[PDB]
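In: This one's experimental. Sequence and coordinates below.
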Amino acid sequence: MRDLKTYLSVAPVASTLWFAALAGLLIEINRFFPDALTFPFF
Amino acid sequence: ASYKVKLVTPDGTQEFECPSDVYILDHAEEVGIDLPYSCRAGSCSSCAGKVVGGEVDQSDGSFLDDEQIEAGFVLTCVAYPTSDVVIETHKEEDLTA
Amino acid sequence: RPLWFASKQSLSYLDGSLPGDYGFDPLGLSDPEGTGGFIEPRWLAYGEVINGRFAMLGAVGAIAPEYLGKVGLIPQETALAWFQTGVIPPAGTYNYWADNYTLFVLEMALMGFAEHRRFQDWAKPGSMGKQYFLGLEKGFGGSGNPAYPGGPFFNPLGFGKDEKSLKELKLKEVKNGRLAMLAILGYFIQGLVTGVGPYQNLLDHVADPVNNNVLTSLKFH
Amino acid sequence: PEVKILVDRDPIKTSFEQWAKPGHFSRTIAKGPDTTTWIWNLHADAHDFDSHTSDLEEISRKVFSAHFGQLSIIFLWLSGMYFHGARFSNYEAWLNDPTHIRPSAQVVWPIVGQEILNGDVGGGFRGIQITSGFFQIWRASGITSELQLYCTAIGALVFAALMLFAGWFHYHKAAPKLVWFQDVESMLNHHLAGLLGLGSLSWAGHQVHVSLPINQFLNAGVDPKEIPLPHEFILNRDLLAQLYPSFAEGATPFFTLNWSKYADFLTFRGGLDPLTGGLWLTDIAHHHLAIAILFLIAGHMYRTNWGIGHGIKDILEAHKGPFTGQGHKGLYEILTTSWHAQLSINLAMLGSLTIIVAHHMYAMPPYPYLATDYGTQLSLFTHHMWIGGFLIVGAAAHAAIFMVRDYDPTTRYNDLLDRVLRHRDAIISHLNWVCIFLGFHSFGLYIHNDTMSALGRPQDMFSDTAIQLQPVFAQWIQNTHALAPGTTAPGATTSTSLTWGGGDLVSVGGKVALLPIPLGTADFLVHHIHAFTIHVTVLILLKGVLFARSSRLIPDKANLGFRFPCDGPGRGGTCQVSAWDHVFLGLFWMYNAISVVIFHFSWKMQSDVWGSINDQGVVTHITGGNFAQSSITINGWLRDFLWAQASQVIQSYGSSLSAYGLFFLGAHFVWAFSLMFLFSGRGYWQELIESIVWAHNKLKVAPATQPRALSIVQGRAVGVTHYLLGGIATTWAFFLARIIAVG
Amino acid sequence: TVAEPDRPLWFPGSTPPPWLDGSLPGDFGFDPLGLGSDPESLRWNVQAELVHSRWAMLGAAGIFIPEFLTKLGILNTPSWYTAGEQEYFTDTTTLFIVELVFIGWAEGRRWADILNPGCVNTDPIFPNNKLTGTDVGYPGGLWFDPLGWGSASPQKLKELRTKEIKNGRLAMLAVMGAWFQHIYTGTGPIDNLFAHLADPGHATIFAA
Ligand code: CLA
Ligand code: CLA
Ligand code: CLA
Ligand SMILES: CC(/C=C/C=C(C)/C=C/[C@@]12O[C@]1(C)C[C@@H](O)CC2(C)C)=C\C=C\C=C(C)\C=C\C=C(C)\C=C\[C@@]12O[C@]1(C)C[C@@H](O)CC2(C)C
Ligand SMILES: CC1=C[C@H](O)CC(C)(C)[C@H]1/C=C/C(C)=C/C=C/C(C)=C/C=C/C=C(C)/C=C/C=C(C)/C=C/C1=C(C)C[C@H](O)CC1(C)C
Ligand SMILES: CC1=C[C@H](O)CC(C)(C)[C@H]1/C=C/C(C)=C/C=C/C(C)=C/C=C/C=C(C)/C=C/C=C(C)/C=C/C1=C(C)C[C@H](O)CC1(C)C
Ligand SMILES: [Ca+2]
């Protein structure tokens, strides 16, 4: 548990989880505001 | 912490005070029982000894056989005395074979 | 004590401390040399006894209904072969008070508690007579030997109060267990390649032996 | 002496202690890292069990459970394939009409416009056309619904779980000991008779009851949903008696020895099914039956526990003669104490086997509707060729590792190994000469043809019309094969393949399944090119193995270990003088050889076999026999093969084959990228990282794990792996895009 | 902590894990995956189980009684499952966001004390009100203990806490079961109970 928490924070696993979260975020963002070549709000 | 360290030596056998975070050879110099050395970086046979009781941390080790660690030999310059261990000095060649 | 197809290696670990010890181990499986998971000799003895017991039960039980299916008031809907009971649906089913799946999970809930308690006694012997179980724990103590727990439940009639009684009785038990085990194996293969049912099939064999094992050589189904 | 199960209980307790600690196996790693090089070492020596310790028992226990883990991975992959065929496929539509619907078992999500990859594969379905040939396997096994595929996927999932659990169990709870592994007699007895004998007998049992009747029904034209379920064919037997009358006697023929009464479904026809374009299933069943009998007898050769059998030591040490001294004496002791010897033998044999499989599968298509599925055929051949080549190179790698680490004449002396080590120089010199001669007289012919053609002198060219180099031996052999059925294989009706000859073209759905393949001068030239490339890669690998311990250059090469950068720029320069470096080259030459082989196959097939048949029997091939006249000069390969065939992939953009164009370009990129690692050295890079580190230190953002440039060996490893990835991937994209567009 | 060495266990005959010495209310030694071998993690998970069981008891009530009481014709609560979208005086977003701030502040107070026991006990406006409870998860106070039913010497209170946690585990399983039953079938929980009691042998999950 403590050691599982440690292993889940080793560099490869920390980075894969981080990048999976980032990928999910970007994917959803472009799923809501697709085909965006500019910033049209202000 | 600062466990007593015993060293057999051609000069005799003496006892000195030194904290587990430091090498036996380094505090030996602070007291003043002379021991041999050369590189002082754990890569040579010059400061070699072996142990009678206890055991020292093998973390500060390099340029050693995948056995010299558990067959007895050790380097005074790169070693943390985790207990009240008793070690040998001037032990290079019966290590050098 | 007589011996069958013994082995010098096999004889060493089979000297006679176990019932039915005939020194027959041509593949040398109860070797106390390589004891690990589920190959330890005590576990193999326990397994032989338990398989023999369940096989005696199932071997008088599988042949029962289709015997008195011929004698007595017992109807014919209640008179199936052992394979038509719903155990193998593609070979015949029935409509009991339940579904045949809830039947199974209820069966295995009941068998779950009985088997788990029995195992808890095998591993740490004498542990079931400690925790509360609506009373009834003083009877689940055990006897040091797993295969022979004894007590007020598993031995109410008190057979074998001396120990040669228990010796010859254990011999008889394991012998009848081996008999029932190979009887059940015969049931299985015979009900497959002849597909008749053992009792009725036995009656056809006793008509006259024209119908030999080779006759159903042809694997009707 | 006798053989038994011998185990140890709970050798290592399952725990999360060592997961928290990175490189626990290596004492130096366990402590922690001072620089960036430590991270690379952690991965490079993760599975080198024989250096984490010296105990053979521990090495073998680790090996056993790692094999279990690998089996679990394979099962998960299989279950994924079956589940995708069950859920995201058009397998039933394809089953209704095989030669119009394109198989595809992968769809994509419409996220960033990538749904264009969901192309029209027909059947009211839009997905990515697959080349795995899985539909053909499932059809040949008798699978008609997707419920069966679902059940298969779930069964393989629980099998993967079982394999993972067994891996944990046999390492942490019940781990065998050395005398159990070192028993190879019983192990061979069980793998020959039990794994291959019972396995193939069981498969023949499947085909006799499931695939034969169901495929009969499918080829009769029955709607796939109107076919009886397979278990019916077991319950009701007259269902089989209708298709196959001699299922009526029912196994009494098997014991009367009236085996001829089984001639219905146990045939020896040979050739192809004119309806499906695959081998006769009644032939494949008979084949597996005979295979089973053979393996079941063969797994009874070695003695285990009952006196009868063969001691492998006796067989080995019985073989010796006047040229080899005491040969084979001492090999049994070598092949049972070193895993690397076994690994290299098995790798060589498995690579050989994979390539034989590729050839035989292209030549005698075993699955229905496989031959006329050109994309599947091309992909299967190419994939198996690559796998075989890689395995064969690994064989050499591990032979060298053995020679460096485990070879010892003090305690384990063998005579043959010693003699070969003693005349390695003669061996390598003659192999060198053969490589040179073969390279001059195969590629030199191509250069001569190119200049003869460029100087407007085609009569002087080595071609079918100017100076013929006819492969008379191959022509003679294949004519012997064509005449075989009836003359010297009387029980066969058709020759074993249709590439032998006899006419008898077979087509399916207006496409050519197979026809006799003609061998002309271009075939001679390219076959000698093949011989040349194979000989050169053999030279590199054998030179690496034979000179792994010592040479006339550096006299104590074994003390430097199996893998190392160099021993300084002394004696003129000793760059890559190690055995590992020889493997690095062999991979380059293996790449060259396999690339030429698959190019030859693809061009020859698109030029002389594949194509479309028509009403008169006029066969228009993909390229009108342009291989016989254009493949004899390098300009022909560059123009008629690469430039011509390459147009399909370039025009892929804007369609559903766009991903292939993208992968074409990306593979070009990564291949070119490898050259940065393959042409430079780590000194320049260390000196550049120095100033980058300065830039970081100036802003208190320098890392504590000191960044080092890669090792010399690691740089070569990065360079060779990227090179192979790039080249193989660009060939993959080109082949797939071209054969899916023109096929 | 009263280290019950021979407390009744979930798996009779097998030794309980070392970090489970029966200290916690309703401890039966159940932690096969070892998710609570850390004292801080143990504490956190004790808090989690308590708050889960309390929320789930409130939910089990609010699901099972209204439909058991509208099965019989008392009043007309719709199906708890699709009870989410049957519109009210406002939109769900205004009520959810308004409630989130309301529910949020209380949650923040719980976080303030879970991570620092006994540092938020008093009231921010009238600092003379002083929530009672001296244990984390058992806050007491006039608000959460107006009857003082369990402020007696630590004997009855210990057997009272076990009672709470056992009812709560049952409620968690109950609530999850209603959600699973409502997804598998298309009926109400009381409907499922009545059907399974009408035909126990056949009207079970093995009905599809
Ligand atoms: C008839 C007996 C039998 C069978 C069928 C097998 C089968 C297999 N062995 Mg095995 N083996 C046997 C006897 C047998 N062995 C004996 C007597 C010994 C020496 C004592 C060994 C020692 C041995 C070693 C050292 C290794 C194997 C390996 C393998 C696998 C090879 C990889 C493969 O081809 O994948 C084919 C995949 C399949 C056939 C899928 C089906 C898998 C089935 C379920 C396997 C079940 C057979 C197994 C022996 C059951 C007994 C265990 C039981 C108590 C549960 C394969 C599954 C390799 C391995 O372990 O891979 C992990 C390997 O490393 N075997
Ligand atoms: C049954 C097959 C088999 C097995 C069991 C082994 C086993 C072993 N090999 Mg080996 N080898 C094999 C086949 C095999 N090999 C083949 C076919 C080749 C020819 C290429 C080699 C060539 C080879 C070399 C040159 C070396 C080994 C070495 C080793 C040892 C350590 C491997 C290691 O941990 O490195 C770690 C594993 C990795 C770092 C994985 C690297 C990732 C690869 C390169 C990328 C693959 C790309 C992927 C397919 C697609 C791209 C994905 C990406 C885009 C996301 C180990 C005992 C090493 C050794 O020292 O032996 C003692 C050694 O140097 N092998
Ligand atoms: C909290 C206790 C509880 C109780 C009293 C019930 C009661 C009931 N359930 Mg239910 N269920 C529960 C929890 C519970 N469930 C949970 C946690 C789940 C999620 C897995 C389900 C999912 C579920 C489904 C999908 C279905 C039922 C159904 C039913 C009814 C028939 C039982 C059946 O056939 O399916 C068996 C139910 C289960 C196997 C789940 C029970 C497992 C948990 C651990 C409960 C164990 C009981 C507990 C230890 C003792 C209860 C204490 C006391 C109240 C007696 C029945 C009235 C069926 C129905 O609708 O009837 C037609 C049905 O379709 N349940
Ligand atoms: C909280 C909860 C539900 C709350 C629901 C609420 C409030 C709903 C309120 C409602 O307003 C709705 C929305 C709709 C309204 O119309 C009606 C109601 C109903 C009133 C369920 C929790 C449900 C939570 C459950 C079931 C959790 C189960 C956890 C288990 C079994 C874990 C056990 C183990 O972890 C241990 C302890 C040790 C490990 O080693 C081993 C394992 C096995 C992992
Ligand atoms: C000894 C040895 C050793 C060496 O070394 C080797 C060898 C030789 C191999 C060996 C062996 C041999 C043998 C033969 C064995 C066998 C066993 C068995 C048979 C078991 C069974 C066993 C068996 C068993 C358990 C069984 C049981 C049964 C039962 C319960 C039944 C039940 C039932 C009934 C009632 C009726 C219904 O309706 C149905 C059912 C439900 C079905
Ligand atoms: C599943 C199923 C299915 C089928 O079919 C149907 C059915 C039957 C429905 C089911 C079952 C269910 C169940 C079991 C349930 C249970 C529940 C619970 C336990 C609850 C509790 C519940 C419980 C509860 C509420 C409790 C509560 C409590 C309270 C309020 C208290 C309060 C208070 C306080 C604090 C303090 C003060 O000083 C006092 C007072 C003021 C008083
Ligand atoms: Ca044994």
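Out: It's in. Residues are numbered from 1 along each chain as shown, chains lettered A, B, ... in the order given. Ligands and ions are numbered 1, 2, ... in the order given.

In: ok, the residue most central in space within chain E - contacts?
Out: Centre of chain E computed as the mean C-alpha position; nearest residue by Cα atoms, centre = their mean is residue E:53, 1.5 Å away. Counting by Cβ atoms under 8 Å, 6 or more residues apart in numbering or on different chains, residue E:53 makes contact with E:164, E:165, E:167, E:168, E:169, E:171, E:172. Heads up, the C-betas are built off the backbone N, CA and C, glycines and all.

In: Give me the secondary structure label for the nearest residue in space to residue D:103 that is not next to it in sequence.
Out: Leaving aside its sequence neighbours, residue D:103 sits nearest to residue D:135 (Cβ to Cβ, 6 or more residues apart in numbering or on different chains; 4.2 Å). State at residue D:135, reduced to three classes by DSSP: H, G, I helix; E, B strand; the rest coil: helix.

In: Was I right to think residue D:135 contacts residue D:104?
Out: No. Using Cβ atoms under 8 Å as the test, residue D:135 is too far from residue D:104 to be in contact (9.1 Å).

In: And these two? Which one has more around it.
Out: Taking other Cβ atoms under 10 Å in any protein chain shown, residue D:135 and residue D:104 do not tie; residue D:135 has more neighbours (28 against 25).

In: Next one: that one from residue D:85, what distance?
Out: 8 Å (Cβ to Cβ, to the nearest Å).

In: overlap in contacts of these two?
Out: Counting by Cβ under 8 Å, 6+ apart, the shared contacts of residue D:135 and residue D:85 are D:91, D:105.

In: For ligand 1, give me its nearest residue in chain A.
Out: Going by Cβ to the nearest ligand atom, ligand 1 is nearest to residue A:7 of chain A, at 25.9 Å.

In: That residue and chain C, how far apart?
Out: The gap separating residue A:7 from chain C is 28 Å, by Cβ to the nearest Cβ, to the nearest Å.

In: which ones are touching that residue?
Out: Residue A:7 touches A:13, D:16, D:19, D:20, counting by Cβ under 8 Å, 6+ apart.

In: Could you report the distance from it to residue D:24?
Out: 12 Å.

In: cool, and residue B:77?
Out: Remark: distance between residue B:77 and residue D:24 (Cβ to Cβ) = 26 Å.

In: Please name every helix or strand in contact with whichever strand or helix holds residue D:217.
Out: Assigned by DSSP states H and E, residue D:217 belongs to helix D:212-219. In terms of contacts (3 or more Cβ pairs under 8 Å, 6 or more residues apart in numbering or on different chains; DSSP states H and E), helix D:212-219 is packed against helix D:134-141, helix D:230-235, helix D:238-243, helix D:281-298.

In: for the chain, which residue is closest to the average position?
Out: No chain in the question, so chain A it is. residue A:22 (1.3 Å).

In: let's do chain D instead
Out: Centroid-nearest residue in chain D: residue D:387, 3.0 Å away (criterion: Cα atoms, centre = their mean).

In: if I pick that one, what's in contact with it?
Out: With Cβ under 8 Å, 6+ apart, residue D:387 has these contacts: D:351, D:354.

In: distance of it from residue C:197?
Out: 54 Å.

In: Residue E:66 now?
Out: To residue C:197, residue E:66 is 56 Å away according to Cβ to Cβ.

In: for residue A:25, same thing?
Out: Taken as Cβ to Cβ, the span from residue A:25 to residue C:197 is 67 Å.

In: quick revisit: buried ones in the helix or strand harbouring the residue nearest to the centre of chain E?
Out: Element membership for residue E:53 (DSSP H and E) is helix E:39-71. The neighbour-count criterion (16 or more other Cβ atoms under 10 Å in any protein chain shown) identifies E:42-43, E:45-47, E:49-50, E:52-54, E:56-57, E:59-60, E:63-64, E:66-67, E:70 as the buried residues of helix E:39-71.

In: Could you pull out the strands in chain B for me?
Out: With DSSP state E, the ranges of strands along chain B come out as B:5-9, B:12-16, B:48-53, B:73-75, B:86-88.

In: ugh, typo on my part, it should be chain D
Out: Counting by DSSP E, chain D has strands at residues D:7-9, D:119-120, D:126-127, D:174-176, D:506-508, D:511-514, D:611-612, D:620-621.

In: ok, the second one: who's next to it in the sheet?
Out: Each strand that strand D:119-120 pairs with, and the sense of that pairing, follows from DSSP bridges: strand D:126-127 (antiparallel).

In: coming back round to it: how about the strands of chain D, which one is nearest residue C:54?
Out: strand D:174-176 (25.9 Å; Cβ to Cβ).

In: contacting residues around the closest one?
Out: Here strand D:174-176 makes contact (Cβ under 8 Å, 6+ apart) with C:36-37, D:5-9, D:11, D:60-61, D:64-65, D:170.

In: which of the residues you listed count as buried?
Out: Of the contacts of strand D:174-176, these count as buried by 16+ other Cβ under 10 Å: C:36, D:6, D:7, D:60, D:61, D:64, D:65, D:170.

In: okay if I get those residues as JSON lines plus distance to chain B?
Out: Shown next, in JSON lines, are those (distance: Cβ to the nearest Cβ, whole Å):
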{"residue": "C:36", "distance to chain B": "28"}
{"residue": "D:6", "distance to chain B": "27"}
{"residue": "D:7", "distance to chain B": "27"}
{"residue": "D:60", "distance to chain B": "19"}
{"residue": "D:61", "distance to chain B": "19"}
{"residue": "D:64", "distance to chain B": "24"}
{"residue": "D:65", "distance to chain B": "23"}
{"residue": "D:170", "distance to chain B": "27"}
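
In: what's the closest of these to residue B:72?
Out: residue D:61 (28.1 Å).

In: Of all pairs in the contacts of strand D:174-176, which one spans the longest distance?
Out: Most distant of the contacts of strand D:174-176, by Cβ to Cβ, are C:37 and D:60, 18.4 Å apart.

In: The residue of chain B found nearest ligand 5 - how many residues pack around it?
Out: Residue nearest to ligand 5 within chain B: residue B:70 (43.9 Å; Cβ to the nearest ligand atom). Residue B:70 has 10 neighbours, counted by other Cβ under 10 Å.

In: show me what contacts it?
Out: If you count contacts by Cβ under 8 Å, 6+ apart, residue B:70 has none.

In: any idea how far it is from residue D:642?
Out: Distance, residue B:70 to residue D:642, using Cβ to Cβ: 61 Å.

In: swap in residue A:10?
Out: Noted for residue A:10: a distance of 46 Å to residue D:642, by Cβ to Cβ.

In: wait, residue D:224 sits on residue D:91?
Out: No. Counting by Cβ under 8 Å, residue D:224 does not reach residue D:91; the two are 9.9 Å apart.

In: what about those two, which has more around it?
Out: Neighbours per residue, other Cβ under 10 Å: of residue D:224 and residue D:91, the larger number sits with residue D:91, 26 against 17.

In: Just list the residues touching the more buried one, thanks.
Out: Under the criterion of Cβ under 8 Å, 6+ apart, the neighbours of residue D:91 are D:85, D:103, D:105, D:135, D:138, D:146, D:149.

In: Next: residue D:605.
Out: For residue D:605, the contact set (Cβ under 8 Å, 6+ apart) comprises D:362, D:377, D:378.

In: Mind checking which of these land in helices?
Out: D:362, D:377, D:378 (DSSP state H).

In: ok, of these, which one's closest to residue D:198?
Out: The shortest approach to residue D:198 among the ones in helices among the contacts of residue D:605 belongs to residue D:362, at 29.6 Å (Cβ to Cβ).

In: Chain neighbours aside, what residue packs nearest to residue C:15?
Out: residue C:21 (7.5 Å).

In: Next, find the distance separating the one you found from chain B.
Out: Relative to chain B, residue C:21 is positioned 47 Å away (Cβ to the nearest Cβ).
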